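Read-outs: derived from the displayed coordinates by stated rules, not from any lab. Note: ideal-geometry Cβ built from the backbone for every residue, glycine included; neighbour counts use all protein chains shown.
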Amino acid sequence: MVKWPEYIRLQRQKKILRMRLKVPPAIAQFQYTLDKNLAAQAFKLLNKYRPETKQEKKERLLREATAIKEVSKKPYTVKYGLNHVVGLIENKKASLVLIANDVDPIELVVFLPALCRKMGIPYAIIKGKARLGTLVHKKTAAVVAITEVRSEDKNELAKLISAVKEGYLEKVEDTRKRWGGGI
Amino acid sequence: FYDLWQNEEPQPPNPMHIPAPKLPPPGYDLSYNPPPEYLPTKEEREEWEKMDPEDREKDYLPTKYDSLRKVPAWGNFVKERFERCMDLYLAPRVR
Amino acid sequence: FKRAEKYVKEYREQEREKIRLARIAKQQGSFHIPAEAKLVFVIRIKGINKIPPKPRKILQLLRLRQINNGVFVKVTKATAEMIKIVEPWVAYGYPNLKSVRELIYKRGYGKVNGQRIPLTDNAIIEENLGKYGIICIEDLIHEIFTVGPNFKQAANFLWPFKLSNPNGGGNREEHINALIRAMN
Amino acid sequence: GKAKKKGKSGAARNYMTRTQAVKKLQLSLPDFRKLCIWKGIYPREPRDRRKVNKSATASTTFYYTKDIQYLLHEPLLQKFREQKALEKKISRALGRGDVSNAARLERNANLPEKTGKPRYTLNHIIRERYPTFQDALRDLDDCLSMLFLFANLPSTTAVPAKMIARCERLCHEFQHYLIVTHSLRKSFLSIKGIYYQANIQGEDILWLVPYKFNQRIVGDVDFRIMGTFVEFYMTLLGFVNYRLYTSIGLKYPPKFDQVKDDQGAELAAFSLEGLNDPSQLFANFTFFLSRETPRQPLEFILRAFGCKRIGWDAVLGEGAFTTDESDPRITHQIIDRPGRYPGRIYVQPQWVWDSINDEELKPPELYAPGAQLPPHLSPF
Amino acid sequence: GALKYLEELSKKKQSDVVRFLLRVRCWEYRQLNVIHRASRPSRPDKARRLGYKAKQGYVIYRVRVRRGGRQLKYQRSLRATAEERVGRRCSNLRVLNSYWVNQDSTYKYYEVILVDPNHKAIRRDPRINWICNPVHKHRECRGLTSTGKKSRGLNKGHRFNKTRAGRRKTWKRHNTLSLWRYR
RNA sequence: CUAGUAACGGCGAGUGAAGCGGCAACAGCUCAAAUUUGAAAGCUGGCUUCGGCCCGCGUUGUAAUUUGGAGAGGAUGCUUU
């Protein structure tokens, strides 16, 4: 009958293969992603801590330079960059970690749930490497971490952390060590 | 805003350029208060309302009015302007 | 599938309506206004979804059912009761005479005998009622810009003007003139 | 000793259809039409429509090749591509989510709904379109009469109220020039509205102003097309009245007061400072306009012929001569109704209209109110 | 420090997660072309330590090479054949280095790093602009890459006496009869 | 020069180095492995009144710091542009 293009067929066959093979339990744990409510409440806090864009960083530099021609505290932003975040994990400087579920060399993020478990930092596998990049003004972002928040919202971060260790990491507990797929 | 003609020279019109024929001037028919010779019969008005639009030689027939406050605004004013707009940009003109 | 959050937002937003309405009925049906009489133009404002019965009947009394339409109203003791009851769904303030001038000329529509037909002629204004000193368009403005002994009758002829939707844009002293300016 | 093809050469080169024109221009079907009113490109007809294109119909429209070549060599085509991505970038910060970046892109958009100034620069387009200042007055026949119609019109999505408020500003600016230089000579009225005739530098200009009444736009009409001719005649009259205002030497733009205009002054809200037969008619006269009488045409006619003092009602407007009818300074009071001061003579607006047409002071006894009006004559 | 975790993962490539990933990727690469372009390296730790940078001018190309004997044995390595086919395909680039990425029962799969010598991001960087010199045209054909230096035996010691300064240059020197003037 | 030495050899044919030593010439460096994280600080193009504006690359990592006879970070005091 009709003929399908080559890259079209390969996209679908890889999706079938990655979900139906005997997947080892470090890739199978990436199939379990947090709920829609928890993701929305996570991005409610994280959008309040968005990094400054190139347009408004330049504006602030022009503000401070102008005042010199004619007093602040440490900036609290959202931490990104895989090499940066892993170091923040290893020094126990992070409080909540979000991991994209679609990193296409998946080896960049396989150790990352277990590394956060070893040091005790609450993590949550999230849908969208594109969604995290939007949060941090890039096309993509494999991992997103929060380290310290301002005093006006220490309570809702600790509430969000408790909603991860109760709503996400408790359900994952006896199903992150099991092989995925089958048949 | 800058002035236009810092350097102006006449340009000969090409024979291909066919300008739009201008609209006819407002004649004696278009007035609000025509002479009684121009006043039509009420039967002619009733027949004219009976026929469908775009089936008449004249889209308007006169009617005698007394005062300015009795004179109404035309219903198809924007329709006439839009039909003109389609006339000079969607209907070609034979030279 | 209505989410649970929407349910909780409703109840907290209905209890605040119950609290404020009790505070209005507690003190009095009066507003801190000087004794000089003025005129208020009120415009429907998109607001709280579920309407309690008492603000709902006041919209009905002010013929404010459909959104974004607006009517004229003077100040009485009784009017300030309706002003502060329906306040979260309306915008109010004293307009200007030229603001009325567009509202009768450019924004003017007609209401006679229970059916809503547009304004047709000055003699049609005579045909509508045309009697209580009503001879032209400025009759309505005279009853509006100046306080009218038959302004209640002038409102009786009047219909709520369906104002125009703007695109991307407490009593206002004269800032309501900016309201129609984007909404004309 | 060689041959060619009949359909390939000749009349196919000189005239091409509208479908072939929009394909060569590589624009969308609507985007051709705004550009085609801008450069004044007209379809016309060849002598033989079958010879130009064998598969053709009389309903189809052809176009000039050099006019399309002129359309290809316009800077607006580059401005169309830059602006098209700009609305693509206004869906950028709206999509991913950035309120500040969506703002700073839309101040950079400079959209006409909040400015009144147009979206595109029409300076070079009118540079190539109209050749001389006399044709500006010839095009002022069409330029004024829609803007007096548009200023009375309400607002739609295509024409913002700020565009009309700039139309009402610009229509008032041409009126203030006319009442200073007294260039208005002839006036006619009919069912359509009020026609004014004024001569500027020997050029007669005719425009039609309908009455102060909301007009039904019922039917199939295009506001997107109509909003462009607003932008057309905004810039043209803005260019025309700029040239003539330095010609009379008064400082431009005229100064305006906001809130005193908001009180309903209409014509009388603005101050003019002269440094940065018409006059003899009502050279020393006193006028009052009553509640029924049309305030805008009567004041425009009186000030155009040098009437020094015109008063009217406090609900018709403000910032004028004293409203009180008991004040005996008034000579003639305009009344159209179905005190009785002997000092003031009681008349109609028709007496003004016929005494300004004949310029011979038509008798108020033959034009006394309560009596049948004698039939008037068209000045044309 | 995510790349230290990747280095230990490539060490354990018989393990469950790496055998799974190498299986599902070798299947994907068989439907693809013989030589095709990769947007990002499959082993980003290996590419970066071999010289790859995320700059305009660096590209990654993946090639499958037939495996087995030529009992004639081809002295040219499979890696050197992988370099030579890509350089023929991209005659405008310079082959920098190559590394093993996968293998099968019939094919062996290599990813090669190439540098554009005409891109002026490359031309302005003193760490890479040595490759813009014309003595580095087609390094994979002269044996100037890491595979070539291994097969040419360019190592110090008494074991590599015949090949450390060039094998043919050593033979020509030892087989030359040198006659002086005052003999 | 070692040296027709060691070594390998139908131990026949023969094949055949290197270290040391005297000279000629001399020159040392760049990454990956680190968190800039109190601020992607980096770069390609386009428009340019040539002054500085936009797009894009890039956090799956572009600058600066470091390259194991090292180095980093503090502290301290001299010395260099």
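Wholly within the range C:95-160, which helices (runs of 4 or more DSSP H) include no fewer than the required count, namely at least 3 residues that are within 11 Å of chain D (Cβ to nearest Cβ)?
Qualifying helices (runs of 4 or more DSSP H): C:97-105, C:122-128, C:138-145.
Residues checked against (1) surrounded by fewer than 20 Cβ atoms within 10 Å (Cβ to Cβ); (2) among the polar types (S, T, N, Q):
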| residue | (1), (2) |
| --- | --- |
| C:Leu140 | no, no |
| C:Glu143 | no, no |
| C:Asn156 | yes, yes |
| C:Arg172 | yes, no |
| C:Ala178 | yes, no |
| C:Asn184 | no, yes |
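Within the range E:109-126, which residues are over 30 Å from E:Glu28 (Cα atoms) and more than 12 Å from RNA strand F (Cβ to nearest atom)?
Residue satisfying the conditions is E:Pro117 alone.
If the requirement is being at negative phi, of a type in the set (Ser, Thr, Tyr) and within 16 Å of RNA strand F (Cβ to nearest atom), which of these qualifies: E:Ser91, E:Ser178, E:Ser105, E:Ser151?
E:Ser178 is the lone residue from the list that is at negative phi, of a type in the set (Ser, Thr, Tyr) and within 16 Å of RNA strand F (Cβ to nearest atom).
Here are the criteria: (1) under 30 Å from D:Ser183 (Cβ atoms); (2) within 14 Å of chain C (Cβ to nearest Cβ); (3) buried (at least 18 other Cβ atoms within 10 Å of the Cβ). Tell me which single one D:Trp353 does not satisfy.
All conditions pass for D:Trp353, except number (2).
Keeping to the range B:55-87, report how many residues are within 13 Å of another protein chain (Cβ to nearest Cβ) and part of a loop (DSSP other than H, G, I, E, B).
18
Applying the selection to the range A:149-170, what residues are within 16 Å of RNA strand F (Cβ to nearest atom) and surrounded by 15 or more Cβ atoms within 10 Å (Cβ to Cβ)?
Once the filter is applied, which keeps residues that are within 16 Å of RNA strand F (Cβ to nearest atom) and surrounded by 15 or more Cβ atoms within 10 Å (Cβ to Cβ), the range A:149-170 yields A:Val149, A:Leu157.
Test of understanding: among E:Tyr29, E:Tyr52, E:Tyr5, which residue is more than 8 Å from chain A (Cβ to nearest Cβ), aromatic (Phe, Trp, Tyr) and touching a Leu at 6+ places or on another chain (Cβ under 9 Å)?
Among E:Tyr29, E:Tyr52, E:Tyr5, only E:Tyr52 is more than 8 Å from chain A (Cβ to nearest Cβ), aromatic (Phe, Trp, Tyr) and touching a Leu at 6+ places or on another chain (Cβ under 9 Å).
So, E:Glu140, is that one in a loop (DSSP other than H, G, I, E, B) and either away from RNA strand F (no atom under 16 Å from the Cβ) or surrounded by 16 or more Cβ atoms within 10 Å (Cβ to Cβ) (or both) or not?
yes
Give D:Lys8, D:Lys84, D:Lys66, D:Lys4 a once-over and let me know the one that is exposed (fewer than 15 other Cβ atoms within 10 Å of the Cβ), of a type outside the set (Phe, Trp, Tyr) and within 12 Å of another protein chain (Cβ to nearest Cβ).
The unique qualifying residue is D:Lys66.
Just to verify a result, which residue in the range E:8-20, among those that are facing chain A (nearest Cβ under 10 Å) and more than 23 Å from the chain's Cα centre (by Cα), is nearest to A:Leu10 (Cα to Cα)?
E:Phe20
Could you list, in sequence order, all residues of the range D:40-63 that are surrounded by 15 or more Cβ atoms within 10 Å (Cβ to Cβ) and more than 12 Å from every other protein chain (Cβ to nearest Cβ)?
Matches in the range D:40-63: D:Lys51, D:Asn53.
Just a yes or no: is a residue in the range A:101-114 of a type outside the set (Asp, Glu) and touching an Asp or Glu at 6+ places or on another chain (Cβ under 8 Å)?
No, every residue in the range A:101-114 fails to be of a type outside the set (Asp, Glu) and touching an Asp or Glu at 6+ places or on another chain (Cβ under 8 Å).
Taking into account only those residues within the range E:36-69 that are part of a helix (DSSP H, G or I) and in contact with a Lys or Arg (Cβ under 9 Å, 6 or more places away or on another chain), which is farthest from E:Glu111 (Cα to Cα)?
Here the residue is E:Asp45.
Considering each residue of the range A:43-95, count those that are of a type in the set (S, T, N, Q) and either within 6 Å of RNA strand F (Cβ to nearest atom) or assigned to a loop (DSSP other than H, G, I, E, B) (or both), and give that number.
Residues meeting the conditions: 6.
Looking only at residues in the range E:44-88 that are small (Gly, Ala, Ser) and within 16 Å of RNA strand F (Cβ to nearest atom), which one is farthest from E:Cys141 (Cα to Cα)?
Ranking the qualifying residues of the range E:44-88, first place goes to E:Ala54.
Output the residue which, of all residues in the range A:22-42 that are in a loop (DSSP other than H, G, I, E, B) and within 16 Å of RNA strand F (Cβ to nearest atom), is surrounded by the fewest Cβ atoms within 10 Å (Cβ to Cβ).
Per the stated criteria, the residue is A:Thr33.
Between residues in the range D:80-109 that are within 21 Å of A:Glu59 (Cα to Cα) and residues that are aromatic (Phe, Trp, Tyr) and away from RNA strand F (no atom under 12 Å from the Cβ), which pairs lie under 8 Å by C-beta distance while being six or more apart or on different chains?
From residues that are within 21 Å of A:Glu59 (Cα to Cα), there are no pairs.
Quick check, is D:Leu316 under 20 Å from C:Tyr105 (Cα atoms) and part of a loop (DSSP other than H, G, I, E, B)?
Spelling it out, D:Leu316 is indeed under 20 Å from C:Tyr105 (Cα atoms) and part of a loop (DSSP other than H, G, I, E, B).
Please give the helices (runs of 4 or more DSSP H) falling wholly within the range D:115-213 in which 3 or more residues are among the β-branched types (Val, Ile, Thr).
Here the list reads D:161-181.
From the set of residues in the range B:37-56 that are basic (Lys, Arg) and surrounded by 10 or more Cβ atoms within 10 Å (Cβ to Cβ), which is nearest to D:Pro375 (Cα to Cα)?
So the residue we want is B:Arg45.
Find all pairs meeting these conditions: Cβ atoms under 6 angstrom apart; at least six residues apart or on different chains; first residue within the range A:127-156 and within 11 Å of another protein chain (Cβ to nearest Cβ) and closer than 16 Å to A:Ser95 by Cβ; second residue outside any helix (DSSP H, G or I) and within 11 Å of RNA strand F (Cβ to nearest atom).
Once the first residue is within 11 Å of another protein chain (Cβ to nearest Cβ) and closer than 16 Å to A:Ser95 by Cβ and sits in the range A:127-156, its partners that are outside any helix (DSSP H, G or I) and within 11 Å of RNA strand F (Cβ to nearest atom) give A:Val143/A:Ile99.
Just checking, how many residues over the range A:98-114 are away from RNA strand F (no atom under 12 Å from the Cβ) and either outside any loop (DSSP other than H, G, I, E, B) or surrounded by fewer than 21 Cβ atoms within 10 Å (Cβ to Cβ) (or both)?
3
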